Every structure is written in C-alpha cells, then in structure tokens.
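Student: Would you mind keeping the following structure in view while I ask a few things?
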Amino acid sequence: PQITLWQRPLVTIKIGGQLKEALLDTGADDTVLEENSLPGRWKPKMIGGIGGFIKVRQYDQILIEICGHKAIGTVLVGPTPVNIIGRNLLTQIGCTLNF
Amino acid sequence: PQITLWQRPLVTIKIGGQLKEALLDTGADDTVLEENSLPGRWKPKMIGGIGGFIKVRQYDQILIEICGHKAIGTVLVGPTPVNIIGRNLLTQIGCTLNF
Amino acid sequence: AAXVX
C-alpha cells in the first residue's frame, strides 16, 4: 500500500513467532526493536539517534514479516522507545517515498 | 520525485536565506534542524529520540523550501547530528511511503 | 543510525 503521513506509519510485524507493531522509519539506517526474546547469538553494538548512543545486540539473518512482506536482515535489539523498521529492511520490501 | 532507500533520503532545503541538506524522516513526528541563525522568538522545548531527550527551541510559522516545495510550520532548532524533516512538514509536501 | 519524539 500507500501510507500518507497524517498519523505515524505503524505496521504489523511478525518476528520469531511474535506479533508486533513497528514504525516505518526512513530516518533510520537500521532496524532496532525493543527487548524481545530472540534466539541465536548476538554481538554488542552501539547506535546513535537524537539524544545519544544506546548499546544494542546485533542479530543477523533474522527473518521478519513486515505487513505480510518477508525479508531477512540485521535486527538490533535494545532500549528503544519504539520498534523501528529502518533502511536495511525498507529496501527489501520495495518501499519508497513519493512527493 | 520518487526516492528508493538504498542511500539516505537527503534533500535540499532552503530556510531563512540559507541552503541546507536534510534527511526525510518518516520516523520523526517533528522537524529538528541543527543550530542555524534563525530570526524570531522561540520557546524552550524537549524532544526524545533513541538515546534520550535534548532541549530545543521552537519556532512557529517558519517557511521552508524542501526540494523546491514551500511549506510553513514548526521547526525545532538544537543539537541534532542531522537536519531532520519530520511528519509535520512531509504532509505539507504530499509525501508518501509506497510498497 | 536511527525516531524523533
């Protein structure tokens, strides 16, 4: 579909047998989800945003279903106020900005 | 135009006689620009992002030219690593997400 | 890196 920006662009994601809502964020190079129970190995990593840097855990080869669209990629888990779908993923689902 | 997300969506903005580059951010409710010399009165305000809260100054009725498209609205000035064009503005220029 | 407000 087509999302206008009068309200936040929130969408249903299915990650590791769990259902969540995430914001489609063109302003994010990466996808960062709040602490969820995800299986596999992960490494320590740090991402910056507007007030600072938070340490997250990177999980590679993670399968996600964004609004029914499947994609595989890097997913960062940490203390984010919201589940963010970033550029690494948006490209997989052929998402563009039009104006 | 149409922006694919292989690279960050950066665009030329013209604000108060100055030329800048800004990121089109669907993940932002507001537009926050780095400290620039803007005339008028402003109030203290705070915005949160992924590492915390930063205090900014709100300027209302600010004219901006986003990729040649004029719009008027609220603009927040503060210590952001990047000039962000948020939802308040994206709607004015008829910007949508498609996939 | 990555959401304002």
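Please note that chains go A, B, ... in the order of the structure tokens, that every chain numbers its residues from 1, and that ligands are numbered from 1 in the order shown.
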Using only C-alpha atoms, find each residue of chain B with at least one atom at most 9 Å away from an atom of chain C; report its shortest atom-to-atom pair and that distance in Å (one decimal), sort the rows by chain and rising residue number, and return the result as CSV.
Tutor:
residue,atom,partner,partner_atom,distance
B:25,CA,C:3,CA,7.8
B:26,CA,C:3,CA,8.1
B:27,CA,C:3,CA,4.6
B:28,CA,C:4,CA,4.5
B:29,CA,C:5,CA,6.2
B:30,CA,C:4,CA,6.7
B:31,CA,C:4,CA,8.4
B:32,CA,C:4,CA,8.4
B:46,CA,C:5,CA,8.6
B:47,CA,C:5,CA,5.0
B:48,CA,C:5,CA,4.5
B:49,CA,C:4,CA,4.4
B:50,CA,C:3,CA,6.5
B:53,CA,C:5,CA,8.4
B:84,CA,C:4,CA,8.8
B:86,CA,C:4,CA,8.2
Student: Go ahead and save the residues from that selection, with N, CA, C and O atoms, as an mmCIF file, in the first residue's frame.
Tutor:
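That gives us result33.cif:
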data_model
loop_
_atom_site.group_PDB
_atom_site.id
_atom_site.type_symbol
_atom_site.label_atom_id
_atom_site.label_comp_id
_atom_site.auth_asym_id
_atom_site.auth_seq_id
_atom_site.Cartn_x
_atom_site.Cartn_y
_atom_site.Cartn_z
ATOM 1 N N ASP B 25 12.593 12.120 7.187
ATOM 2 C CA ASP B 25 12.380 11.160 8.251
ATOM 3 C C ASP B 25 10.933 10.842 8.622
ATOM 4 O O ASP B 25 10.203 11.543 9.301
ATOM 5 N N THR B 26 10.457 9.697 8.160
ATOM 6 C CA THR B 26 9.101 9.236 8.441
ATOM 7 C C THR B 26 9.043 8.825 9.897
ATOM 8 O O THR B 26 7.944 8.826 10.444
ATOM 9 N N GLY B 27 10.166 8.521 10.490
ATOM 10 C CA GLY B 27 10.220 8.122 11.915
ATOM 11 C C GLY B 27 10.177 9.326 12.858
ATOM 12 O O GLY B 27 10.339 9.201 14.079
ATOM 13 N N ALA B 28 10.026 10.547 12.348
ATOM 14 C CA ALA B 28 10.019 11.756 13.214
ATOM 15 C C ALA B 28 8.663 12.496 13.148
ATOM 16 O O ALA B 28 8.125 12.783 12.048
ATOM 17 N N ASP B 29 8.118 12.766 14.260
ATOM 18 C CA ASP B 29 6.838 13.494 14.366
ATOM 19 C C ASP B 29 7.172 14.953 14.008
ATOM 20 O O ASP B 29 6.318 15.558 13.382
ATOM 21 N N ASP B 30 8.368 15.355 14.407
ATOM 22 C CA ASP B 30 8.786 16.757 14.106
ATOM 23 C C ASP B 30 10.137 16.826 13.366
ATOM 24 O O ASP B 30 11.002 15.944 13.321
ATOM 25 N N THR B 31 10.298 18.059 12.879
ATOM 26 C CA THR B 31 11.399 18.653 12.138
ATOM 27 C C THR B 31 12.292 19.417 13.144
ATOM 28 O O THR B 31 11.890 20.383 13.831
ATOM 29 N N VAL B 32 13.500 18.983 13.193
ATOM 30 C CA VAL B 32 14.579 19.445 14.037
ATOM 31 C C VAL B 32 15.825 19.699 13.171
ATOM 32 O O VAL B 32 16.374 18.868 12.425
ATOM 33 N N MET B 46 11.487 20.194 24.587
ATOM 34 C CA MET B 46 12.281 18.942 24.626
ATOM 35 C C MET B 46 11.613 17.870 23.783
ATOM 36 O O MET B 46 10.385 17.673 23.818
ATOM 37 N N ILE B 47 12.424 17.208 23.019
ATOM 38 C CA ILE B 47 12.151 16.112 22.113
ATOM 39 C C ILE B 47 12.951 14.869 22.507
ATOM 40 O O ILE B 47 14.097 14.992 22.966
ATOM 41 N N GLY B 48 12.375 13.695 22.358
ATOM 42 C CA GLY B 48 13.110 12.440 22.692
ATOM 43 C C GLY B 48 13.368 11.732 21.342
ATOM 44 O O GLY B 48 12.647 11.997 20.383
ATOM 45 N N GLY B 49 14.342 10.861 21.350
ATOM 46 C CA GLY B 49 14.782 10.073 20.163
ATOM 47 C C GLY B 49 15.380 8.795 20.717
ATOM 48 O O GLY B 49 15.029 8.496 21.873
ATOM 49 N N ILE B 50 16.208 8.064 19.976
ATOM 50 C CA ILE B 50 16.724 6.848 20.586
ATOM 51 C C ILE B 50 17.694 7.112 21.694
ATOM 52 O O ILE B 50 17.482 6.209 22.522
ATOM 53 N N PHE B 53 16.573 12.645 25.462
ATOM 54 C CA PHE B 53 15.894 13.923 25.309
ATOM 55 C C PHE B 53 16.922 15.035 25.166
ATOM 56 O O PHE B 53 17.939 15.036 25.876
ATOM 57 N N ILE B 84 16.682 17.173 10.254
ATOM 58 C CA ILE B 84 15.596 16.221 10.028
ATOM 59 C C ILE B 84 14.302 16.868 9.574
ATOM 60 O O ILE B 84 13.834 17.847 10.204
ATOM 61 N N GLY B 86 10.604 16.088 9.415
ATOM 62 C CA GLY B 86 9.607 15.257 10.007
ATOM 63 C C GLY B 86 8.208 15.345 9.498
ATOM 64 O O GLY B 86 7.721 16.046 8.577
#
Student: For a quick test of understanding: name the residues of chain B lying within 9 Å of chain A when counting only C-alpha atoms, and present them as a VMD selection string.
Tutor: chain B and resid 1 to 9 23 to 29 47 to 54 79 to 82 84 to 88 90 to 91 93 to 99
Student: Among chain A, which residues does DSSP mark as strand (DSSP E) when it is run on the backbone? Keep the chain and numbering as in the structure and answer as a PDB file with N, CA, C and O atoms, in the first residue's frame.
Tutor:
ATOM      1  N   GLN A   2       0.037   2.336   0.101  1.00  0.00           N
ATOM      2  CA  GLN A   2       0.407   3.764   0.134  1.00  0.00           C
ATOM      3  C   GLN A   2       0.153   4.393   1.505  1.00  0.00           C
ATOM      4  O   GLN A   2      -1.056   4.489   1.862  1.00  0.00           O
ATOM      5  N   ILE A   3       1.140   4.875   2.228  1.00  0.00           N
ATOM      6  CA  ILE A   3       0.889   5.487   3.544  1.00  0.00           C
ATOM      7  C   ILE A   3       1.062   7.015   3.536  1.00  0.00           C
ATOM      8  O   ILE A   3       2.151   7.460   3.199  1.00  0.00           O
ATOM      9  N   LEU A  10       2.701   3.057  11.190  1.00  0.00           N
ATOM     10  CA  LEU A  10       2.783   1.895  12.073  1.00  0.00           C
ATOM     11  C   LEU A  10       2.361   0.650  11.295  1.00  0.00           C
ATOM     12  O   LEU A  10       1.394   0.826  10.536  1.00  0.00           O
ATOM     13  N   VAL A  11       3.100  -0.413  11.536  1.00  0.00           N
ATOM     14  CA  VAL A  11       2.661  -1.599  10.707  1.00  0.00           C
ATOM     15  C   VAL A  11       2.958  -2.807  11.534  1.00  0.00           C
ATOM     16  O   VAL A  11       3.714  -2.852  12.545  1.00  0.00           O
ATOM     17  N   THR A  12       2.281  -3.865  11.158  1.00  0.00           N
ATOM     18  CA  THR A  12       2.388  -5.154  11.839  1.00  0.00           C
ATOM     19  C   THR A  12       3.594  -5.909  11.318  1.00  0.00           C
ATOM     20  O   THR A  12       3.765  -5.953  10.088  1.00  0.00           O
ATOM     21  N   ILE A  13       4.332  -6.375  12.268  1.00  0.00           N
ATOM     22  CA  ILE A  13       5.488  -7.169  12.011  1.00  0.00           C
ATOM     23  C   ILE A  13       5.297  -8.481  12.840  1.00  0.00           C
ATOM     24  O   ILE A  13       4.688  -8.544  13.893  1.00  0.00           O
ATOM     25  N   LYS A  14       5.853  -9.481  12.279  1.00  0.00           N
ATOM     26  CA  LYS A  14       5.888 -10.810  12.864  1.00  0.00           C
ATOM     27  C   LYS A  14       7.393 -11.185  12.859  1.00  0.00           C
ATOM     28  O   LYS A  14       7.989 -11.253  11.771  1.00  0.00           O
ATOM     29  N   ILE A  15       7.954 -11.314  14.053  1.00  0.00           N
ATOM     30  CA  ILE A  15       9.328 -11.691  14.261  1.00  0.00           C
ATOM     31  C   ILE A  15       9.416 -12.833  15.312  1.00  0.00           C
ATOM     32  O   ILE A  15       8.884 -12.781  16.431  1.00  0.00           O
ATOM     33  N   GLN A  18       6.404 -13.956  17.256  1.00  0.00           N
ATOM     34  CA  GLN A  18       5.720 -12.858  17.982  1.00  0.00           C
ATOM     35  C   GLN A  18       5.214 -11.780  16.973  1.00  0.00           C
ATOM     36  O   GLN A  18       5.789 -11.531  15.889  1.00  0.00           O
ATOM     37  N   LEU A  19       4.101 -11.144  17.380  1.00  0.00           N
ATOM     38  CA  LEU A  19       3.449 -10.110  16.592  1.00  0.00           C
ATOM     39  C   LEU A  19       3.738  -8.752  17.229  1.00  0.00           C
ATOM     40  O   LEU A  19       3.570  -8.575  18.464  1.00  0.00           O
ATOM     41  N   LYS A  20       4.190  -7.852  16.387  1.00  0.00           N
ATOM     42  CA  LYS A  20       4.482  -6.505  16.965  1.00  0.00           C
ATOM     43  C   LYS A  20       4.104  -5.449  15.947  1.00  0.00           C
ATOM     44  O   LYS A  20       3.912  -5.772  14.773  1.00  0.00           O
ATOM     45  N   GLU A  21       4.096  -4.247  16.497  1.00  0.00           N
ATOM     46  CA  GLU A  21       3.853  -3.035  15.683  1.00  0.00           C
ATOM     47  C   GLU A  21       5.240  -2.325  15.643  1.00  0.00           C
ATOM     48  O   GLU A  21       6.002  -2.249  16.602  1.00  0.00           O
ATOM     49  N   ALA A  22       5.520  -1.838  14.456  1.00  0.00           N
ATOM     50  CA  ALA A  22       6.754  -1.100  14.231  1.00  0.00           C
ATOM     51  C   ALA A  22       6.448   0.129  13.378  1.00  0.00           C
ATOM     52  O   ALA A  22       5.537   0.190  12.579  1.00  0.00           O
ATOM     53  N   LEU A  23       7.233   1.136  13.511  1.00  0.00           N
ATOM     54  CA  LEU A  23       7.184   2.437  12.757  1.00  0.00           C
ATOM     55  C   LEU A  23       8.084   2.306  11.539  1.00  0.00           C
ATOM     56  O   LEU A  23       9.268   1.832  11.737  1.00  0.00           O
ATOM     57  N   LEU A  24       7.633   2.690  10.354  1.00  0.00           N
ATOM     58  CA  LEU A  24       8.499   2.627   9.133  1.00  0.00           C
ATOM     59  C   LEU A  24       9.320   3.909   9.225  1.00  0.00           C
ATOM     60  O   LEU A  24       8.715   5.011   9.110  1.00  0.00           O
ATOM     61  N   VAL A  32      15.899  -1.456  14.732  1.00  0.00           N
ATOM     62  CA  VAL A  32      16.071  -1.600  16.160  1.00  0.00           C
ATOM     63  C   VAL A  32      14.704  -1.885  16.807  1.00  0.00           C
ATOM     64  O   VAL A  32      13.689  -1.172  16.706  1.00  0.00           O
ATOM     65  N   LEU A  33      14.682  -3.037  17.435  1.00  0.00           N
ATOM     66  CA  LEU A  33      13.436  -3.462  18.088  1.00  0.00           C
ATOM     67  C   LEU A  33      13.725  -3.451  19.600  1.00  0.00           C
ATOM     68  O   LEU A  33      14.880  -3.647  20.008  1.00  0.00           O
ATOM     69  N   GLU A  34      12.630  -3.250  20.312  1.00  0.00           N
ATOM     70  CA  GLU A  34      12.777  -3.255  21.812  1.00  0.00           C
ATOM     71  C   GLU A  34      13.068  -4.674  22.265  1.00  0.00           C
ATOM     72  O   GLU A  34      12.792  -5.690  21.579  1.00  0.00           O
ATOM     73  N   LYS A  43      25.928  -9.926  19.002  1.00  0.00           N
ATOM     74  CA  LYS A  43      27.166  -9.195  19.404  1.00  0.00           C
ATOM     75  C   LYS A  43      26.732  -7.840  19.951  1.00  0.00           C
ATOM     76  O   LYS A  43      25.609  -7.380  19.685  1.00  0.00           O
ATOM     77  N   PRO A  44      27.615  -7.270  20.728  1.00  0.00           N
ATOM     78  CA  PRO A  44      27.354  -5.939  21.340  1.00  0.00           C
ATOM     79  C   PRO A  44      27.575  -4.913  20.242  1.00  0.00           C
ATOM     80  O   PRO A  44      28.478  -5.062  19.364  1.00  0.00           O
ATOM     81  N   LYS A  45      26.762  -3.881  20.281  1.00  0.00           N
ATOM     82  CA  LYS A  45      26.911  -2.829  19.262  1.00  0.00           C
ATOM     83  C   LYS A  45      26.257  -1.557  19.778  1.00  0.00           C
ATOM     84  O   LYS A  45      25.478  -1.638  20.726  1.00  0.00           O
ATOM     85  N   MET A  46      26.614  -0.455  19.151  1.00  0.00           N
ATOM     86  CA  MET A  46      26.071   0.861  19.567  1.00  0.00           C
ATOM     87  C   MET A  46      25.606   1.644  18.353  1.00  0.00           C
ATOM     88  O   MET A  46      26.278   1.700  17.306  1.00  0.00           O
ATOM     89  N   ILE A  47      24.453   2.220  18.496  1.00  0.00           N
ATOM     90  CA  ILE A  47      23.720   3.060  17.572  1.00  0.00           C
ATOM     91  C   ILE A  47      23.470   4.443  18.177  1.00  0.00           C
ATOM     92  O   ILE A  47      23.244   4.554  19.391  1.00  0.00           O
ATOM     93  N   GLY A  48      23.521   5.483  17.373  1.00  0.00           N
ATOM     94  CA  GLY A  48      23.255   6.857  17.891  1.00  0.00           C
ATOM     95  C   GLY A  48      21.909   7.289  17.263  1.00  0.00           C
ATOM     96  O   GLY A  48      21.532   6.745  16.228  1.00  0.00           O
ATOM     97  N   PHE A  53      23.707   7.648  22.235  1.00  0.00           N
ATOM     98  CA  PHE A  53      24.096   6.296  21.862  1.00  0.00           C
ATOM     99  C   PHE A  53      23.550   5.307  22.880  1.00  0.00           C
ATOM    100  O   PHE A  53      23.589   5.574  24.090  1.00  0.00           O
ATOM    101  N   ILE A  54      23.012   4.224  22.360  1.00  0.00           N
ATOM    102  CA  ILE A  54      22.489   3.145  23.222  1.00  0.00           C
ATOM    103  C   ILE A  54      23.275   1.895  22.699  1.00  0.00           C
ATOM    104  O   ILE A  54      23.677   1.871  21.494  1.00  0.00           O
ATOM    105  N   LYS A  55      23.458   0.963  23.602  1.00  0.00           N
ATOM    106  CA  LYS A  55      24.176  -0.278  23.198  1.00  0.00           C
ATOM    107  C   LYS A  55      23.062  -1.237  22.829  1.00  0.00           C
ATOM    108  O   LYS A  55      22.022  -1.269  23.518  1.00  0.00           O
ATOM    109  N   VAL A  56      23.265  -1.968  21.770  1.00  0.00           N
ATOM    110  CA  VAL A  56      22.229  -2.943  21.314  1.00  0.00           C
ATOM    111  C   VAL A  56      22.960  -4.262  21.039  1.00  0.00           C
ATOM    112  O   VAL A  56      24.191  -4.270  21.214  1.00  0.00           O
ATOM    113  N   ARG A  57      22.140  -5.230  20.641  1.00  0.00           N
ATOM    114  CA  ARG A  57      22.700  -6.546  20.288  1.00  0.00           C
ATOM    115  C   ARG A  57      22.307  -6.803  18.808  1.00  0.00           C
ATOM    116  O   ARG A  57      21.141  -6.628  18.510  1.00  0.00           O
ATOM    117  N   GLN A  58      23.256  -7.156  17.980  1.00  0.00           N
ATOM    118  CA  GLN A  58      23.005  -7.434  16.591  1.00  0.00           C
ATOM    119  C   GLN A  58      22.880  -8.974  16.435  1.00  0.00           C
ATOM    120  O   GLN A  58      23.622  -9.813  16.904  1.00  0.00           O
ATOM    121  N   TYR A  59      21.846  -9.204  15.667  1.00  0.00           N
ATOM    122  CA  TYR A  59      21.318 -10.484  15.206  1.00  0.00           C
ATOM    123  C   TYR A  59      21.261 -10.272  13.675  1.00  0.00           C
ATOM    124  O   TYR A  59      20.708  -9.269  13.152  1.00  0.00           O
ATOM    125  N   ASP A  60      21.877 -11.235  13.027  1.00  0.00           N
ATOM    126  CA  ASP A  60      21.987 -11.289  11.560  1.00  0.00           C
ATOM    127  C   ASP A  60      21.137 -12.480  11.116  1.00  0.00           C
ATOM    128  O   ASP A  60      20.858 -13.387  11.934  1.00  0.00           O
ATOM    129  N   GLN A  61      20.771 -12.389   9.859  1.00  0.00           N
ATOM    130  CA  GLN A  61      19.973 -13.447   9.223  1.00  0.00           C
ATOM    131  C   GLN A  61      18.635 -13.596   9.898  1.00  0.00           C
ATOM    132  O   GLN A  61      18.113 -14.745   9.987  1.00  0.00           O
ATOM    133  N   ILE A  62      18.109 -12.484  10.382  1.00  0.00           N
ATOM    134  CA  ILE A  62      16.792 -12.560  11.046  1.00  0.00           C
ATOM    135  C   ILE A  62      15.664 -12.349  10.019  1.00  0.00           C
ATOM    136  O   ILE A  62      15.649 -11.414   9.253  1.00  0.00           O
ATOM    137  N   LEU A  63      14.681 -13.234  10.051  1.00  0.00           N
ATOM    138  CA  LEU A  63      13.509 -13.256   9.251  1.00  0.00           C
ATOM    139  C   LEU A  63      12.470 -12.364   9.954  1.00  0.00           C
ATOM    140  O   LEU A  63      12.325 -12.493  11.164  1.00  0.00           O
ATOM    141  N   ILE A  64      11.807 -11.548   9.177  1.00  0.00           N
ATOM    142  CA  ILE A  64      10.753 -10.650   9.620  1.00  0.00           C
ATOM    143  C   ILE A  64       9.687 -10.549   8.522  1.00  0.00           C
ATOM    144  O   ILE A  64       9.938 -10.582   7.329  1.00  0.00           O
ATOM    145  N   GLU A  65       8.471 -10.411   8.998  1.00  0.00           N
ATOM    146  CA  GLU A  65       7.323 -10.250   8.109  1.00  0.00           C
ATOM    147  C   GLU A  65       6.751  -8.840   8.410  1.00  0.00           C
ATOM    148  O   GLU A  65       6.117  -8.673   9.453  1.00  0.00           O
ATOM    149  N   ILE A  66       7.064  -7.964   7.485  1.00  0.00           N
ATOM    150  CA  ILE A  66       6.603  -6.570   7.593  1.00  0.00           C
ATOM    151  C   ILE A  66       5.338  -6.449   6.719  1.00  0.00           C
ATOM    152  O   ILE A  66       5.394  -6.524   5.476  1.00  0.00           O
ATOM    153  N   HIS A  69       5.061  -8.837   4.173  1.00  0.00           N
ATOM    154  CA  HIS A  69       6.258  -8.958   3.337  1.00  0.00           C
ATOM    155  C   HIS A  69       7.430  -9.494   4.170  1.00  0.00           C
ATOM    156  O   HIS A  69       7.771  -8.913   5.214  1.00  0.00           O
ATOM    157  N   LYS A  70       7.972 -10.576   3.678  1.00  0.00           N
ATOM    158  CA  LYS A  70       9.083 -11.271   4.304  1.00  0.00           C
ATOM    159  C   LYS A  70      10.363 -10.604   3.782  1.00  0.00           C
ATOM    160  O   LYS A  70      10.321 -10.132   2.647  1.00  0.00           O
ATOM    161  N   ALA A  71      11.317 -10.639   4.651  1.00  0.00           N
ATOM    162  CA  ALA A  71      12.639 -10.074   4.411  1.00  0.00           C
ATOM    163  C   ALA A  71      13.548 -10.718   5.441  1.00  0.00           C
ATOM    164  O   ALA A  71      12.969 -11.175   6.464  1.00  0.00           O
ATOM    165  N   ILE A  72      14.826 -10.741   5.194  1.00  0.00           N
ATOM    166  CA  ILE A  72      15.872 -11.261   6.076  1.00  0.00           C
ATOM    167  C   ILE A  72      16.939 -10.168   6.188  1.00  0.00           C
ATOM    168  O   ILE A  72      17.319  -9.515   5.177  1.00  0.00           O
ATOM    169  N   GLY A  73      17.411 -10.037   7.426  1.00  0.00           N
ATOM    170  CA  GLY A  73      18.454  -8.992   7.594  1.00  0.00           C
ATOM    171  C   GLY A  73      18.811  -8.874   9.039  1.00  0.00           C
ATOM    172  O   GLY A  73      18.478  -9.709   9.861  1.00  0.00           O
ATOM    173  N   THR A  74      19.530  -7.810   9.227  1.00  0.00           N
ATOM    174  CA  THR A  74      20.058  -7.354  10.509  1.00  0.00           C
ATOM    175  C   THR A  74      18.948  -6.599  11.230  1.00  0.00           C
ATOM    176  O   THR A  74      18.252  -5.753  10.641  1.00  0.00           O
ATOM    177  N   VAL A  75      18.791  -6.958  12.469  1.00  0.00           N
ATOM    178  CA  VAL A  75      17.906  -6.532  13.504  1.00  0.00           C
ATOM    179  C   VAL A  75      18.696  -6.262  14.819  1.00  0.00           C
ATOM    180  O   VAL A  75      19.406  -7.089  15.336  1.00  0.00           O
ATOM    181  N   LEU A  76      18.525  -5.057  15.333  1.00  0.00           N
ATOM    182  CA  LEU A  76      19.180  -4.629  16.569  1.00  0.00           C
ATOM    183  C   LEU A  76      18.176  -4.626  17.705  1.00  0.00           C
ATOM    184  O   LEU A  76      17.064  -4.066  17.579  1.00  0.00           O
ATOM    185  N   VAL A  77      18.540  -5.266  18.823  1.00  0.00           N
ATOM    186  CA  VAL A  77      17.612  -5.304  19.984  1.00  0.00           C
ATOM    187  C   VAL A  77      18.246  -4.478  21.095  1.00  0.00           C
ATOM    188  O   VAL A  77      19.450  -4.574  21.357  1.00  0.00           O
ATOM    189  N   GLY A  78      17.425  -3.659  21.738  1.00  0.00           N
ATOM    190  CA  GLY A  78      17.851  -2.745  22.808  1.00  0.00           C
ATOM    191  C   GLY A  78      16.726  -1.890  23.355  1.00  0.00           C
ATOM    192  O   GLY A  78      15.521  -2.094  23.125  1.00  0.00           O
ATOM    193  N   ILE A  84      11.517   0.049  15.491  1.00  0.00           N
ATOM    194  CA  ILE A  84      11.807   0.798  14.270  1.00  0.00           C
ATOM    195  C   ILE A  84      12.205  -0.076  13.097  1.00  0.00           C
ATOM    196  O   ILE A  84      13.098  -0.947  13.238  1.00  0.00           O
ATOM    197  N   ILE A  85      11.574   0.123  11.947  1.00  0.00           N
ATOM    198  CA  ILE A  85      11.920  -0.601  10.736  1.00  0.00           C
ATOM    199  C   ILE A  85      12.733   0.432   9.950  1.00  0.00           C
ATOM    200  O   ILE A  85      12.145   1.448   9.521  1.00  0.00           O
ATOM    201  N   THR A  96       9.183   3.001  -1.042  1.00  0.00           N
ATOM    202  CA  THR A  96       9.733   4.314  -1.478  1.00  0.00           C
ATOM    203  C   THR A  96       8.901   5.493  -0.915  1.00  0.00           C
ATOM    204  O   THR A  96       7.758   5.361  -0.424  1.00  0.00           O
ATOM    205  N   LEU A  97       9.499   6.635  -1.004  1.00  0.00           N
ATOM    206  CA  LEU A  97       8.948   7.955  -0.579  1.00  0.00           C
ATOM    207  C   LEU A  97       8.542   8.647  -1.897  1.00  0.00           C
ATOM    208  O   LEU A  97       9.312   8.545  -2.879  1.00  0.00           O
ATOM    209  N   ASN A  98       7.360   9.212  -1.938  1.00  0.00           N
ATOM    210  CA  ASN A  98       6.899   9.893  -3.159  1.00  0.00           C
ATOM    211  C   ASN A  98       6.282  11.241  -2.711  1.00  0.00           C
ATOM    212  O   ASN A  98       5.649  11.321  -1.688  1.00  0.00           O
TER     213      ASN A  98
END
Student: Per DSSP on the backbone, what are the alpha helix (DSSP H) residues of chain B, as a PyMOL selection string?
Tutor: chain B and resi 87-90
Student: Using Å and a single decimal, report how far CA of residue 36 in chain B sits from CA of residue 16 in chain B.
Tutor: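 Pair CA of residue 16 in chain B / CA of residue 36 in chain B returns 9.2 Å.
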Student: Between CA of residue 83 in chain B and CA of residue 41 in chain B, what distance in Å does the model show, to one decimal?
Tutor: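 Interatomic distance here is 20.2 Å.
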